[PDB]
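> Right, I'll just put the structure down here and ask away after.
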Amino acid sequence: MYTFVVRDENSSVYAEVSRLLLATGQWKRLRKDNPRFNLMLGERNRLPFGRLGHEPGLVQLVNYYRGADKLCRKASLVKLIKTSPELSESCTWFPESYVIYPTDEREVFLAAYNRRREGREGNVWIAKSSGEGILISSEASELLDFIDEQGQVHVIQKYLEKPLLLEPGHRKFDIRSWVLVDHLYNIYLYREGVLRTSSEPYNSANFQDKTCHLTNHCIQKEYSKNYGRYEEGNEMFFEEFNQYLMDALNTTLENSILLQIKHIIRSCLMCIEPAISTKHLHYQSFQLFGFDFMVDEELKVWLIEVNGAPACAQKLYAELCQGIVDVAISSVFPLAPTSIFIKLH
Amino acid sequence: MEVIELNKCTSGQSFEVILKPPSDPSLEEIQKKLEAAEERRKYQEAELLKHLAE
Amino acid sequence: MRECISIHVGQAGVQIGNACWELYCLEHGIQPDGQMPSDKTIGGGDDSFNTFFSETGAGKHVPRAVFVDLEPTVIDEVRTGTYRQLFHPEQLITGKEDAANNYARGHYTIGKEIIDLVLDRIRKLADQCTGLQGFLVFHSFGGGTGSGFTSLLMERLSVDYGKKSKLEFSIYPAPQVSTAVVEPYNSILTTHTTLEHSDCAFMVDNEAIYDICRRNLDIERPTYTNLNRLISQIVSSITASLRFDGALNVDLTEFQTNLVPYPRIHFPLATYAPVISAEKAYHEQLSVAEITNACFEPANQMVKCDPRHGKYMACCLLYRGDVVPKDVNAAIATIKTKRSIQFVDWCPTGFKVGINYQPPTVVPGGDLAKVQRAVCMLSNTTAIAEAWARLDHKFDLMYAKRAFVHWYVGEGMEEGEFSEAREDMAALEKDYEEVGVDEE
Amino acid sequence: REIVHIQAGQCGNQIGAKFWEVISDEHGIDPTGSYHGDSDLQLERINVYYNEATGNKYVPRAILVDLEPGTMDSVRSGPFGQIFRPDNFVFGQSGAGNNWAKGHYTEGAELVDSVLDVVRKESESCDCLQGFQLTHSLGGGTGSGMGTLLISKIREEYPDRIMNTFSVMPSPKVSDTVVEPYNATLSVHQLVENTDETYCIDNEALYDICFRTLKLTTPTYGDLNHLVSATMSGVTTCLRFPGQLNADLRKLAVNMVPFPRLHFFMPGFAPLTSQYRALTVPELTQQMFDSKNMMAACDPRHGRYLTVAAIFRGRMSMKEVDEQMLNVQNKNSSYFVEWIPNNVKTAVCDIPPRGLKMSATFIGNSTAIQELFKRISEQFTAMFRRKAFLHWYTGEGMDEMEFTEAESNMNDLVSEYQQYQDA
Ligand SMILES: Nc1nc2c(ncn2[C@@H]2O[C@H](COP(=O)(O)OP(=O)(O)OP(=O)(O)O)[C@@H](O)[C@H]2O)c(=O)[nH]1
Ligand SMILES: Nc1ncnc2c1ncn2[C@@H]1O[C@H](COP(=O)(O)OP(=O)(O)CP(=O)(O)O)[C@@H](O)[C@H]1O
Ligand SMILES: Nc1nc2c(ncn2[C@@H]2O[C@H](COP(=O)(O)OP(=O)(O)O)[C@@H](O)[C@H]2O)c(=O)[nH]1
Ligand SMILES: [Ca+2]
Ligand SMILES: [Mg+2]
Ligand SMILES: [Mg+2]
Ligand SMILES: [Mg+2]
């Protein structure tokens, strides 16, 4: 039977898949530093990719793509979109962003900050990094006084001050999608996304208040007073959200939003494919991703962030983790029908 | 690209393609090293023969 | 004309020396009896092949080579083999008992008793040189002779031939054909003692050539003969510029100048293509673009590693066969658009190309098919540091328990040399990182 | 590179005789020392064990030692009796009476200089003496007491040579006298200090293999020795035939001994014979690692493998051999220490043993061997706590302290094997 190791135990997604690898009766778990494994559920930082693929008679698989960080970090993602001709900088689905260090884009950021000031256009930006930085203001002076006071590198992004608001509530949200890329670089979009919503009504005049602006589940658990009114855990799933779009907007989730999501996912992953592919390597990689999208008043989808080590919604842990075994693991190590994923590419 | 320093002959050809511009122990010490190990090797054997003599 | 002296140390060094010098004779048309009807200057000359072959009054062309092994079995094959008339007995040196896969036994115990014999034999070849330019040393990382004696020889060579170039062809240990468990120890120890004495070292991982023999040559269980005949082709394409007319890498200093801007980082990655089985009845010859593209495929490298996640410092393309510069340039332009080729920002993104019109020679009856054009790429990428990491990790596993260290101490070596050698590899590993790397 | 062979005592000479009987057949040498073989692989490394006389006769480099003439005469008249060098028979008349002290201090001390003279004349004619191999039991007196005396004297004279033994461990299941634990414990203390490699051959395992596997209801010593000579031939295949792995005694010791005191090996052989269908490569690999095929009577699942050496004899595919070896350790990797990477090395030899078309011999340095020394230690202490049978030894000049020291040193060896079983 097959063997595997675990090198990131505080991973809720992969703690469940290793539990499923037990029930099959055909996978044995080894200790962290046992090299005779077929599968590595590797650590999050400094994963020793260089030691993989050098064990005679062992097909070895790992749950991360070397080089995928260029997509899963704020600073590198901005650079990747700005310089890759496949994304061509002027792609319409990414907000205007500049990398300001505490090489440098401080000059060009202030240049666009003046253009927005001249036309009297909406000039609100956000400051984020790799915890939480939580700065939204209308003047760049307050942005930089906060950036240099902080240690790590922050990246400024145009705030989408005209977001799509859910009713009843007048509240914003973010859409999380889970994408699995297997050893063949097929791109599977899990049928079930989740909306991480805000509990308080959106307010344009109070940017210092960061509860109706930040849709993070940890912040809604911490600062929201009426958290949990409309949906359990500020999480609305697709069947309800799609029903809302039909009743309120006479459209569907697939037509209004999901087409753009599938396009954004396909674009980002097809861009870095030649840099991270393990098609002809001595080891092979798969990886689960968490894409974070934003929707505006005109049903335009914006990519906000890609998470390389995502968690899952509690309701969707079982279905998604079993899908990883079927699609990403048993595809390389078979055992002894409709799919839950959407093959893109 | 740019080809520079193209040199030809009947045997073959060489050149250079540019795409983007930029942006000791002595003999005495060695003999001492080997003799230091030789003495350590002889000291260990002497302790063995001393141990066997006992 | 500047002569080159090849030194073959240990079983791996000697058997690869056989594969290479056999191939050299087939390439220059030298018969097994040392005679070359192509040479019309009998008894001497300043031709390109004269850097590797000297001439006698009888017209024999003799390799400028010395074979050294602490054990007579492998070299006795040469004394009675096909090319027994090629070398004279002085060039073949054999000891009584070997180093038993023990670096200290090869370096200290047996090294001391034979190092002056070897150097005097090397002096005999050096005195026949009007202007010796340096040495090419073939050895294994894993063996007690190949590791222990080589590092001692490389120390003395720097003493007796100061600032004369020394290039290595080193065999990285792979468990699929390895014979000893302590080869990580031997590898780290010999790399520590040799680092400052080597100007440029080409590492060949036996694992890489083993798989290439299985995939491309369809060989079930590759033997050392399979491995060495493939290695010799790579060595021949690297030393071809020293043996033939040309303008790229015509002396040993140019290897350091072209590939080694940082002296400690002198381990270029070699990639070779195409490798085609001779038993393959039907074959479609590959183009310049196809074989150049294969130079950026990990499956064709001498050390398995991912250059996409390192940074380049230099690139040499060495072609043999029907190749004109127009095809190379059109291929490099196509490859730059489709592949991840990241140079360090202080080096220029460039390629030094050399073309030898003579197609590569294959031993008749060998496993390699004769191809119309081939290429060997020498690229100094920081990705080769993955090979150091693997080795250092296996070293760390055994040393934490002090497993087997008593064998080395028993030969006179101090336990501290393990630490000094491992600290050096750590520094080397950090050097590569400085050069190549920048619940959600 | 020559090996000098020494067999001491009743057991050592009887087992040693079968060994020379087996390998002489494998090298195509008749009982008269003449070579009548069909392959040059037989003669390629024949000098490791045989000297050459005029007329192209091959004389074993073997020295026969015993304190009574009984077994010596039996060997001289048995099969392959006259192949041995006549003056290489060194024997006394008193005997050792199954008494380690008599072999090591009194009776054997009177005879040891004669043996070292024969050892010296055999070594002086060696081109490059590789080392010595000794066959003996630990439960008797001559092979146990005088055997370990010889090792101590040989090490004093040839201190940079590899010392190898095939040591038969006693067992109450195949016992001659009750004092066997005493002689065995005294001998282990000597072996821990003065040998580089020791193949632990447990007479309990040999009996059980003859009883349960080979279906021998009333096994004899000859049955047990058929098993010993078969594994002795297998573990020395790498030394007698052209090969790359473990081809000499020092290289084997460097690959098998990670720590100086832990040099006691478990041998294993497959298939077990006492044969018409040839065995497959998967079948050889499964059997050679099974406990039932082990000669040391230790379950390898009770410990972990420090290093493992395996040899395959016969015409087979090295591909399926590598696949099966990698399969058995990739699916039992918990029983191999993780701090010695790639601690399993495999060799192949085209020459199969007699009667078998395929065979596999196993050499393991497992921490499970402590089970053997713990058995001996418990049998030792059970008598020694009442000082039982001690007068046989104190009558030969020994003190109780020497027993306490051998006991303590062997308990340390057990504790040291338990140390590395945890990591
Ligand atoms: N590619 C290749 N590798 C070899 C060859 N011979 C030995 N090796 C490798 O070399 C390593 C062992 O070192 P050797 O060269 O055999 O040993 P040595 O230099 O003779 O030193 P000692 O025998 O210990 O005195 C192992 O990793 C082998 O795989 C060969 O002919 N070709
Ligand atoms: N340009 C923008 N316009 C509008 N809202 C934005 C925005 N950028 C960020 N946000 C809001 O900020 C929230 C947090 O952003 P981000 O995803 O960077 O935080 P984070 O990375 O710490 C959480 P995670 O663990 O999912 O990576 C988003 O959910 C989104 O609602
Ligand atoms: N396997 C095997 N064991 C033996 C043989 N002869 C004796 N023994 C064992 O060896 C021990 C007695 O040793 P023995 O050789 O007779 O003593 P010695 O002649 O004084 O050295 C007991 O444990 C016996 O079981 C034999 O031929 N084969
Ligand atoms: Ca000439
Ligand atoms: Mg994040
Ligand atoms: Mg050797
Ligand atoms: Mg008896």
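By convention in this document, the chains of the structure tokens carry letters A, B, ... by their order, each chain's residues are numbered from 1, and ligands are numbered from 1 in the order they are shown.
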Which residues are near ligand 4 - at most 12 Å, using only C-alpha atoms and all ligand atoms? Format: as a ChimeraX atom specification.

/C:1,28,30,35-62

> Hey, what does DSSP flag as alpha helix (DSSP H) within chain B? Can you give it to me as an MDAnalysis selection string?

chainID B and resid 27:53

> Go ahead and dump the residues you just picked, N, CA and C atoms, as a compact mmCIF listing (two decimals), in the first residue's frame.


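Now in out_11.txt:
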# COMPACT_ATOMS: atom_id res chain seq x y z
N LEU B 27 53.45 23.38 1.35
CA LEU B 27 53.89 21.99 1.40
C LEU B 27 54.23 21.57 2.83
N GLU B 28 54.90 22.44 3.58
CA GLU B 28 55.25 22.11 4.96
C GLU B 28 54.01 21.86 5.81
N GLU B 29 52.97 22.68 5.63
CA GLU B 29 51.75 22.50 6.40
C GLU B 29 51.04 21.20 6.03
N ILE B 30 51.05 20.84 4.74
CA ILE B 30 50.43 19.60 4.30
C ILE B 30 51.16 18.40 4.89
N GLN B 31 52.50 18.42 4.87
CA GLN B 31 53.26 17.34 5.47
C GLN B 31 53.02 17.25 6.97
N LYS B 32 52.80 18.39 7.63
CA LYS B 32 52.47 18.38 9.05
C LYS B 32 51.09 17.80 9.29
N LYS B 33 50.13 18.09 8.40
CA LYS B 33 48.79 17.54 8.53
C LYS B 33 48.80 16.02 8.43
N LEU B 34 49.53 15.48 7.45
CA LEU B 34 49.59 14.03 7.29
C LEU B 34 50.34 13.36 8.43
N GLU B 35 51.40 14.00 8.93
CA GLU B 35 52.16 13.41 10.03
C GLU B 35 51.39 13.51 11.35
N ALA B 36 50.57 14.54 11.52
CA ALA B 36 49.73 14.61 12.71
C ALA B 36 48.75 13.45 12.76
N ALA B 37 48.16 13.10 11.61
CA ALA B 37 47.28 11.94 11.56
C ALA B 37 48.04 10.64 11.73
N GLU B 38 49.28 10.58 11.21
CA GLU B 38 50.08 9.37 11.37
C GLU B 38 50.41 9.12 12.84
N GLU B 39 50.70 10.19 13.59
CA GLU B 39 51.00 10.04 15.01
C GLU B 39 49.76 9.66 15.81
N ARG B 40 48.62 10.27 15.49
CA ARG B 40 47.37 9.88 16.15
C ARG B 40 47.02 8.44 15.83
N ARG B 41 47.33 7.99 14.61
CA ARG B 41 47.09 6.60 14.25
C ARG B 41 48.03 5.66 15.00
N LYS B 42 49.27 6.10 15.26
CA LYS B 42 50.22 5.30 16.02
C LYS B 42 49.95 5.35 17.52
N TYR B 43 49.44 6.47 18.03
CA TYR B 43 49.11 6.53 19.45
C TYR B 43 47.97 5.59 19.79
N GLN B 44 46.97 5.50 18.90
CA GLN B 44 45.85 4.60 19.14
C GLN B 44 46.29 3.14 19.11
N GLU B 45 47.15 2.78 18.16
CA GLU B 45 47.64 1.40 18.10
C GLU B 45 48.49 1.06 19.31
N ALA B 46 49.26 2.03 19.81
CA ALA B 46 50.07 1.79 21.00
C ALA B 46 49.20 1.51 22.21
N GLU B 47 48.08 2.23 22.35
CA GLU B 47 47.17 1.96 23.45
C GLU B 47 46.54 0.58 23.32
N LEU B 48 46.29 0.14 22.08
CA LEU B 48 45.78 -1.20 21.87
C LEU B 48 46.80 -2.24 22.32
N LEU B 49 48.03 -2.13 21.83
CA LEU B 49 49.07 -3.08 22.22
C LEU B 49 49.36 -3.01 23.71
N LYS B 50 49.26 -1.82 24.30
CA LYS B 50 49.35 -1.70 25.75
C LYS B 50 48.20 -2.44 26.43
N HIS B 51 46.99 -2.30 25.88
CA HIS B 51 45.83 -2.98 26.44
C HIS B 51 45.96 -4.50 26.31
N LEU B 52 46.49 -4.96 25.17
CA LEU B 52 46.67 -6.39 24.98
C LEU B 52 47.81 -6.93 25.83
N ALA B 53 48.84 -6.12 26.07
CA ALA B 53 49.94 -6.55 26.93
C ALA B 53 49.47 -6.74 28.37

> Could you give me, as an mmCIF file with N, CA, C and O atoms, in the first residue's frame, every polymer residue with an atom at most 7 Å away from an atom of ligand 5, counting only C-alpha atoms and all ligand atoms?


data_model
loop_
_atom_site.group_PDB
_atom_site.id
_atom_site.type_symbol
_atom_site.label_atom_id
_atom_site.label_comp_id
_atom_site.auth_asym_id
_atom_site.auth_seq_id
_atom_site.Cartn_x
_atom_site.Cartn_y
_atom_site.Cartn_z
ATOM 1 N N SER A 130 1.092 41.335 4.204
ATOM 2 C CA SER A 130 1.036 39.920 4.541
ATOM 3 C C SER A 130 0.569 39.720 5.979
ATOM 4 O O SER A 130 -0.045 38.705 6.307
ATOM 5 N N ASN A 307 -5.059 32.920 -1.991
ATOM 6 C CA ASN A 307 -4.526 32.301 -0.782
ATOM 7 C C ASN A 307 -4.014 30.907 -1.114
ATOM 8 O O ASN A 307 -4.761 30.076 -1.644
ATOM 9 N N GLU C 440 -5.385 30.508 6.080
ATOM 10 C CA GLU C 440 -5.945 31.563 5.239
ATOM 11 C C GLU C 440 -7.368 31.251 4.779
ATOM 12 O O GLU C 440 -7.825 30.110 4.846
#

> Name each residue within 9 Å of ligand 1, counting only C-alpha atoms and all ligand atoms, as an mmCIF file with N, CA and C atoms, in the first residue's frame.


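Saved file result.cif follows:
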data_model
loop_
_atom_site.group_PDB
_atom_site.id
_atom_site.type_symbol
_atom_site.label_atom_id
_atom_site.label_comp_id
_atom_site.auth_asym_id
_atom_site.auth_seq_id
_atom_site.Cartn_x
_atom_site.Cartn_y
_atom_site.Cartn_z
ATOM 1 N N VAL C 9 41.523 9.119 -10.936
ATOM 2 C CA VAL C 9 41.724 8.670 -9.564
ATOM 3 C C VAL C 9 40.551 7.787 -9.162
ATOM 4 N N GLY C 10 40.855 6.612 -8.617
ATOM 5 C CA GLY C 10 39.834 5.698 -8.157
ATOM 6 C C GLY C 10 39.204 4.914 -9.291
ATOM 7 N N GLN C 11 38.370 3.942 -8.907
ATOM 8 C CA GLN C 11 37.703 3.098 -9.894
ATOM 9 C C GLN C 11 36.863 3.926 -10.860
ATOM 10 N N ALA C 12 36.034 4.828 -10.327
ATOM 11 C CA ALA C 12 35.187 5.639 -11.193
ATOM 12 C C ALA C 12 36.021 6.543 -12.090
ATOM 13 N N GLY C 13 37.103 7.111 -11.554
ATOM 14 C CA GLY C 13 37.956 7.961 -12.371
ATOM 15 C C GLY C 13 38.640 7.199 -13.490
ATOM 16 N N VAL C 14 39.069 5.966 -13.208
ATOM 17 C CA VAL C 14 39.804 5.179 -14.193
ATOM 18 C C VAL C 14 38.869 4.665 -15.283
ATOM 19 N N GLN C 15 37.709 4.131 -14.888
ATOM 20 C CA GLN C 15 36.796 3.560 -15.873
ATOM 21 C C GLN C 15 36.202 4.631 -16.776
ATOM 22 N N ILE C 16 35.976 5.835 -16.244
ATOM 23 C CA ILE C 16 35.540 6.942 -17.087
ATOM 24 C C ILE C 16 36.684 7.410 -17.979
ATOM 25 N N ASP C 69 45.081 4.441 -8.807
ATOM 26 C CA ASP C 69 44.122 3.732 -7.973
ATOM 27 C C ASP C 69 44.887 3.005 -6.879
ATOM 28 N N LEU C 70 44.336 3.022 -5.667
ATOM 29 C CA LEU C 70 44.934 2.334 -4.531
ATOM 30 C C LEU C 70 44.724 0.824 -4.586
ATOM 31 N N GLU C 71 44.346 0.308 -5.746
ATOM 32 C CA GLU C 71 43.855 -1.052 -5.898
ATOM 33 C C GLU C 71 44.040 -1.455 -7.357
ATOM 34 N N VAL C 74 41.059 -2.561 -11.385
ATOM 35 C CA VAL C 74 40.494 -1.776 -12.477
ATOM 36 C C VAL C 74 41.577 -1.364 -13.467
ATOM 37 N N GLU C 97 46.292 -2.290 -1.179
ATOM 38 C CA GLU C 97 44.911 -2.376 -0.730
ATOM 39 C C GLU C 97 44.262 -1.000 -0.810
ATOM 40 N N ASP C 98 42.957 -0.987 -1.064
ATOM 41 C CA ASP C 98 42.258 0.247 -1.396
ATOM 42 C C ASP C 98 41.917 1.031 -0.127
ATOM 43 N N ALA C 99 41.148 2.104 -0.289
ATOM 44 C CA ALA C 99 40.751 2.957 0.819
ATOM 45 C C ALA C 99 39.470 2.495 1.502
ATOM 46 N N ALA C 100 38.840 1.430 1.004
ATOM 47 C CA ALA C 100 37.678 0.819 1.653
ATOM 48 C C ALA C 100 36.568 1.837 1.917
ATOM 49 N N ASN C 101 36.320 2.704 0.929
ATOM 50 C CA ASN C 101 35.271 3.724 1.003
ATOM 51 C C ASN C 101 35.440 4.636 2.218
ATOM 52 N N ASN C 102 36.683 4.863 2.631
ATOM 53 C CA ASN C 102 37.005 5.661 3.810
ATOM 54 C C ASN C 102 37.842 6.851 3.358
ATOM 55 N N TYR C 103 37.279 8.057 3.482
ATOM 56 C CA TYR C 103 37.996 9.260 3.066
ATOM 57 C C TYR C 103 39.336 9.382 3.782
ATOM 58 N N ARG C 105 41.209 7.072 5.141
ATOM 59 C CA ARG C 105 42.154 6.049 4.701
ATOM 60 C C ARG C 105 42.763 6.409 3.352
ATOM 61 N N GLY C 106 41.965 7.001 2.462
ATOM 62 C CA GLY C 106 42.502 7.429 1.182
ATOM 63 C C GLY C 106 43.334 8.690 1.295
ATOM 64 N N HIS C 139 37.252 11.703 -10.901
ATOM 65 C CA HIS C 139 37.170 10.926 -9.670
ATOM 66 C C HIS C 139 35.715 10.853 -9.225
ATOM 67 N N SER C 140 35.467 10.029 -8.208
ATOM 68 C CA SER C 140 34.147 9.893 -7.608
ATOM 69 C C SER C 140 34.113 10.588 -6.254
ATOM 70 N N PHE C 141 32.930 11.090 -5.889
ATOM 71 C CA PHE C 141 32.746 11.639 -4.549
ATOM 72 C C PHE C 141 32.745 10.543 -3.491
ATOM 73 N N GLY C 142 32.194 9.371 -3.826
ATOM 74 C CA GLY C 142 31.860 8.386 -2.810
ATOM 75 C C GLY C 142 32.991 7.480 -2.376
ATOM 76 N N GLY C 143 33.917 7.169 -3.279
ATOM 77 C CA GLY C 143 34.974 6.231 -2.955
ATOM 78 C C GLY C 143 36.044 6.834 -2.066
ATOM 79 N N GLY C 144 36.705 5.955 -1.306
ATOM 80 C CA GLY C 144 37.768 6.397 -0.420
ATOM 81 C C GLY C 144 38.986 6.911 -1.161
ATOM 82 N N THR C 145 39.297 6.319 -2.315
ATOM 83 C CA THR C 145 40.359 6.848 -3.165
ATOM 84 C C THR C 145 39.895 8.099 -3.902
ATOM 85 N N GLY C 146 38.756 8.005 -4.595
ATOM 86 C CA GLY C 146 38.272 9.127 -5.378
ATOM 87 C C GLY C 146 38.048 10.383 -4.560
ATOM 88 N N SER C 147 37.644 10.231 -3.301
ATOM 89 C CA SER C 147 37.467 11.390 -2.437
ATOM 90 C C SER C 147 38.737 11.712 -1.658
ATOM 91 N N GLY C 148 39.276 10.723 -0.942
ATOM 92 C CA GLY C 148 40.361 10.996 -0.014
ATOM 93 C C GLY C 148 41.664 11.338 -0.706
ATOM 94 N N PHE C 149 42.035 10.563 -1.724
ATOM 95 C CA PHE C 149 43.317 10.814 -2.373
ATOM 96 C C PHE C 149 43.264 12.038 -3.282
ATOM 97 N N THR C 150 42.127 12.273 -3.945
ATOM 98 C CA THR C 150 42.021 13.407 -4.860
ATOM 99 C C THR C 150 42.247 14.726 -4.134
ATOM 100 N N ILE C 171 31.881 12.550 -9.755
ATOM 101 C CA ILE C 171 30.711 11.682 -9.820
ATOM 102 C C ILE C 171 29.974 11.785 -8.489
ATOM 103 N N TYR C 172 28.803 12.408 -8.531
ATOM 104 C CA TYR C 172 27.975 12.583 -7.349
ATOM 105 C C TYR C 172 27.342 11.248 -6.946
ATOM 106 N N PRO C 173 27.282 10.941 -5.652
ATOM 107 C CA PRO C 173 26.829 9.607 -5.239
ATOM 108 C C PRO C 173 25.324 9.439 -5.395
ATOM 109 N N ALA C 174 24.926 8.286 -5.933
ATOM 110 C CA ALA C 174 23.524 7.940 -6.106
ATOM 111 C C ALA C 174 23.297 6.529 -5.581
ATOM 112 N N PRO C 175 22.301 6.320 -4.712
ATOM 113 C CA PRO C 175 22.118 4.994 -4.097
ATOM 114 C C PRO C 175 21.740 3.896 -5.073
ATOM 115 N N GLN C 176 21.310 4.227 -6.290
ATOM 116 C CA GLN C 176 20.897 3.184 -7.220
ATOM 117 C C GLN C 176 22.076 2.366 -7.735
ATOM 118 N N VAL C 177 23.293 2.909 -7.696
ATOM 119 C CA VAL C 177 24.475 2.153 -8.101
ATOM 120 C C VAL C 177 25.586 2.318 -7.071
ATOM 121 N N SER C 178 25.281 2.966 -5.949
ATOM 122 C CA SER C 178 26.293 3.193 -4.926
ATOM 123 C C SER C 178 26.646 1.894 -4.217
ATOM 124 N N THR C 179 27.864 1.850 -3.684
ATOM 125 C CA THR C 179 28.371 0.667 -3.011
ATOM 126 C C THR C 179 28.588 0.864 -1.518
ATOM 127 N N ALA C 180 28.492 2.094 -1.015
ATOM 128 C CA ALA C 180 28.819 2.381 0.372
ATOM 129 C C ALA C 180 27.783 3.316 0.977
ATOM 130 N N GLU C 183 29.033 7.381 1.746
ATOM 131 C CA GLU C 183 29.384 8.281 0.649
ATOM 132 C C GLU C 183 29.019 9.738 0.916
ATOM 133 N N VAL C 204 28.524 15.165 -12.063
ATOM 134 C CA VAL C 204 27.629 14.224 -12.723
ATOM 135 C C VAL C 204 26.986 13.367 -11.645
ATOM 136 N N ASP C 205 25.663 13.455 -11.529
ATOM 137 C CA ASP C 205 24.919 12.605 -10.610
ATOM 138 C C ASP C 205 24.645 11.270 -11.293
ATOM 139 N N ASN C 206 25.142 10.178 -10.699
ATOM 140 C CA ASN C 206 24.873 8.853 -11.252
ATOM 141 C C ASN C 206 23.381 8.596 -11.391
ATOM 142 N N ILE C 209 22.273 10.124 -14.920
ATOM 143 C CA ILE C 209 22.663 9.343 -16.090
ATOM 144 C C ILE C 209 22.030 7.959 -16.054
ATOM 145 N N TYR C 210 21.728 7.448 -14.858
ATOM 146 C CA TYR C 210 21.062 6.154 -14.745
ATOM 147 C C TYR C 210 19.669 6.201 -15.358
ATOM 148 N N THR C 223 24.456 -0.634 -16.647
ATOM 149 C CA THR C 223 25.732 -0.974 -16.040
ATOM 150 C C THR C 223 26.675 0.226 -16.094
ATOM 151 N N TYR C 224 27.825 0.084 -15.427
ATOM 152 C CA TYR C 224 28.832 1.140 -15.462
ATOM 153 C C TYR C 224 29.316 1.402 -16.881
ATOM 154 N N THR C 225 29.340 0.368 -17.729
ATOM 155 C CA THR C 225 29.719 0.572 -19.124
ATOM 156 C C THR C 225 28.706 1.452 -19.839
ATOM 157 N N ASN C 226 27.414 1.207 -19.604
ATOM 158 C CA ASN C 226 26.386 2.095 -20.137
ATOM 159 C C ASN C 226 26.583 3.513 -19.625
ATOM 160 N N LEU C 227 26.833 3.654 -18.322
ATOM 161 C CA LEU C 227 26.930 4.982 -17.728
ATOM 162 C C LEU C 227 28.162 5.727 -18.223
ATOM 163 N N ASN C 228 29.300 5.037 -18.333
ATOM 164 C CA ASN C 228 30.544 5.731 -18.652
ATOM 165 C C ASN C 228 30.594 6.154 -20.114
ATOM 166 N N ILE C 231 28.716 9.270 -20.157
ATOM 167 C CA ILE C 231 29.498 10.323 -19.512
ATOM 168 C C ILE C 231 30.604 10.809 -20.439
ATOM 169 N N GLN D 244 31.036 -5.918 -6.931
ATOM 170 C CA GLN D 244 31.261 -4.506 -6.650
ATOM 171 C C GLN D 244 30.946 -4.105 -5.219
ATOM 172 N N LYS D 251 35.666 -3.359 3.468
ATOM 173 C CA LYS D 251 34.566 -2.617 2.861
ATOM 174 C C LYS D 251 33.220 -3.082 3.403
#

> Kindly provide, as an MDAnalysis selection string, all nucleotide and amino acid residues lying within 8 Å of ligand 2, counting only C-alpha atoms and all ligand atoms.

(chainID A and resid 74 95 125:126 128:132 157:161 163 172:174 196 213:216 290 292 294 304:307 310) or (chainID C and resid 439:440)
